[PDB]
Amino acid sequence: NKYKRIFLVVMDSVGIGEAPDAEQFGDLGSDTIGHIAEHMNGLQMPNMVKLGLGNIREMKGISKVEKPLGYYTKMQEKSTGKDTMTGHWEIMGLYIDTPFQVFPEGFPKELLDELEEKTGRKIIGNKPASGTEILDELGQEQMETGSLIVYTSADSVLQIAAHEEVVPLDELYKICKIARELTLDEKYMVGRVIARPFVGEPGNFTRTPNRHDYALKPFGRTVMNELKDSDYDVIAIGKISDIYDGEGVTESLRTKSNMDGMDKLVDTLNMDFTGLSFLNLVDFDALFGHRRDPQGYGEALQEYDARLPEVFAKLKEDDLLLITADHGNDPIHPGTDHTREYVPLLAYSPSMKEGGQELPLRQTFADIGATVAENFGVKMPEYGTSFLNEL
Ligand SMILES: O=P([O-])(O)O[C@H]1O[C@H](COP(=O)(O)O)[C@@H](O)[C@H](O)[C@H]1O
Ligand SMILES: [Mn+2]
Ligand SMILES: [Mn+2]
Ligand SMILES: [Mn+2]
C-alpha cells in the first residue's frame, strides 16, 4: 500500500464558489470562502495557503504559492442534492439521485396528518426553531395536552419534543420510528428524525440526554464499508459516524467543537492504525453558515488554520492528508440553506519531497472514495476516478 494511513478532513460547508449548476438551486453568486475573505478584509489562513488553497483560487488574503506543499484542485458535486448526507455519501463512493429536503416553512400537512393518524396525538409547532425557543413557547401546552411538538432546523431534520413525565420515553421513541418510516418518501425526505425529550416546569424546561437519532443508511455500500470488511481501521471523528449511520465505522470519537475535532485528529495521528481517520469539522456549517455570520465563520477558519502546523509535524512519510468540504453554506446569501458550490481539495504527504501540482478538476466527490479504495486495495466504488497515481 502507498499510504498506511489516510487522514480525511471535511471542513463542513467550506465551499469555494458557485458550481456550474448553482442556478437550479437559486445559488447564483454563492461563494463561501470568497465572501468570508471579503468580509474579513483578507482571511488569515497561512497554512492552507502553504498547502495550495490560493493555487485553487485566489481570494482576499489567500494568494497562490510557487511551491505548494501538496496537490490541489476543486471538486464538483454530481449528486442531485446539496445536503450533508448527499455530500458525504458521494465522497465515500456513492451517487445520490434523491435529495434530502429542508423545511423553512414547516412540514407539509399531508405528512403531519399521517403522523397524527398513526399515533393518535395532536401535533403543534411545525416550524424551524431552536430547542430552547420552541420549549419556551410550546412546552406548557405540550404538557397539558399530550400533543407532540414537531419542529425543524436549517438542516434536513424532523425533531419531536415531548415531556418525559407526560409522554413516556419508550412512547416518544415509538412515535419517532413511525415518523422515520413516513419520511422515507421523496415528497418529504428528512435526513434525520430526532427524539427531543425534555423535563422541568414552565419557564425552566431542559432537554435531557435521552435524545435519540433516527438516521438513514447510505444508499449503497460505501468505501468505508469495504475498508471495514477488509479489516482496516475506520476511525470516525465528530459527526462522521452519524452521517453514515455507523456504516463501515470501526471506532467513533465524539467532538464538542472544531478545536476538539482537531484534538481528536491529533489523537488519531498518535494511534498505530492502518486505514482511514475521517474528521468532520461541523462548526462552520452549524454555527456560522446557517446563522449567516461571516465574522464568526472567518474567525473559525483562522482558528482551524492555526492548528495545522502540528498536524504537518506529526504526519509520517506513509501518511496522506486530504482536506475538502461537502457543499457550500455562504454566510452572505439569502435564506438559511446550503449553497451549491465547488469544494476545495488538498492532498498532502511529507513524502511529496518536491511539493505538489494541480490535479485535474474532480468531476464527482467520489474521486476521494476511489482514491482511498485504490490505496488500500479494496473493491473500487461504482463512481469516482482515483487520483492516487497523480500524487
Ligand atoms: O445537536 P446536534 O449537534 O446533534 O444537531 C442537531 O440539532 C441541531 C439543533 O440544535 P438546537 O435546537 O439545540 O439549536 C440542528 O441544527 C441539527 O441539524 C441537528 O442535527
Ligand atoms: Mn441559495
Ligand atoms: Mn455539511
Ligand atoms: Mn447544514
Side-chain angles (χ1 to χ4, degrees), residues 6-16 32-33 36-37 40 43-49 51 53 56 62 70 74-75 77 82-92 153-155 191 224 234-244 249 251-269 276-291 293-312 314-315 320-331 338-339 341-348 365 368:
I6 297 175
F7 297 87
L8 173 58
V9 176
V10 169
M11 310 175 296
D12 197 295
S13 87
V14 184
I16 195 155
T32 296
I33 298 162
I36 296 165
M40 300 296 285
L43 260 172
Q44 296 169 50
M45 299 183 75
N47 299 116
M48 289 286 281
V49 162
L51 285 170
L53 180 64
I56 303 168
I62 301 167
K74 58 200 191 191
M75 314 200 298
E77 193 164 25
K82 60 183 178 178
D83 61 273
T84 290
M85 286 154 183
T86 292
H88 286 256
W89 297 355
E90 191 175 322
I91 282 166
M92 280 296 123
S153 67
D155 286 303
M224 288 164 67
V234 185
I235 306 165
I237 308 169
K239 294 305 195 178
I240 292 293
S241 184
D242 283 352
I243 292 162
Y244 297 100
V249 175
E251 183 162 20
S252 185
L253 303 178
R254 179 195 184 244
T255 64
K256 285 186 61 55
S257 73
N258 271 193
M259 291 306 92
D260 189 34
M262 297 301 282
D263 289 340
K264 267 58 178 174
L265 180 64
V266 166
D267 289 341
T268 68
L269 285 148
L276 179 73
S277 170
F278 195 173
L279 164 69
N280 185 100
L281 295 167
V282 75
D283 290 353
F284 300 126
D285 187 69
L287 304 185
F288 310 116
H290 287 298
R291 298 183 187 174
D293 177 13
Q295 187 67 34
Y297 209 141
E299 290 170 7
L301 285 165
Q302 299 182 337
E303 286 158 12
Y304 155 76
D305 194 85
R307 297 294 309 275
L308 289 168
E310 188 173 17
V311 170
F312 300 161
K314 299 181 89 69
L315 291 162
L320 177 68
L321 175 63
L322 298 176
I323 298 164
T324 194
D326 62 325
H327 48 87
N329 194 353
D330 181 348
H338 297 167
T339 44
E341 289 181 58
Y342 291 110
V343 301
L345 174 59
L346 295 168
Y348 171 59
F365 294 178
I368 294 182

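Just the heavy atoms: all of them, side chains too, but no hydrogens, waters or symmetry mates, feed the values below. Residue numbers start at 1 and run along the sequence shown.
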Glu90 side chain to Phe365 backbone, donor-acceptor under 3.5 Å: yes
Value rounded to 0.5 Å, distance of CG in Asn280 from CG in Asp242: 10.0 Å
Charged N-O contact under 4.0 Å between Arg254 and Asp260: no
Side-chain heavy-atom pair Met48, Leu43 within 4.5 angstrom cut-off: no
OH-CZ distance between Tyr244 and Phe278, expressed to the nearest 0.5 angstrom: 3.5 Å
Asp83 and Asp155, any side-chain heavy atoms less than 4.5 Å apart: no
Parallel, tilted or perpendicular, as decided by the 30° and 60° cut-offs, for the rings of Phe288 and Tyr297: tilted
Expected output: side-chain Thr32 to main-chain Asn329 donor-acceptor under 3.5 Å: yes
Short side-chain to backbone donor-acceptor contact, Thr339 and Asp330, under 3.5 Å: yes
Close side-chain approach of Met11 to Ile33, heavy-atom, < 4.5 Å: no
Minimum heavy-atom distance between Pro309 and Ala306, given as atom pair plus value: CD-O, 3.5 Å
Distance in Å, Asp283 CG paired with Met259 CE, rounded so as to fall on 0.5 Å steps: 8.0 Å
Min side-chain heavy-atom separation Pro344-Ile323 under 4.5 Å: no
Note, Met262 side chain near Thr255 side chain (heavy atom, < 4.5 Å): no
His338 and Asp285: side chain donor to acceptor below 3.5 Å: yes
Heavy-atom side-chain contact between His327 and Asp12 under 4.5 Å: yes
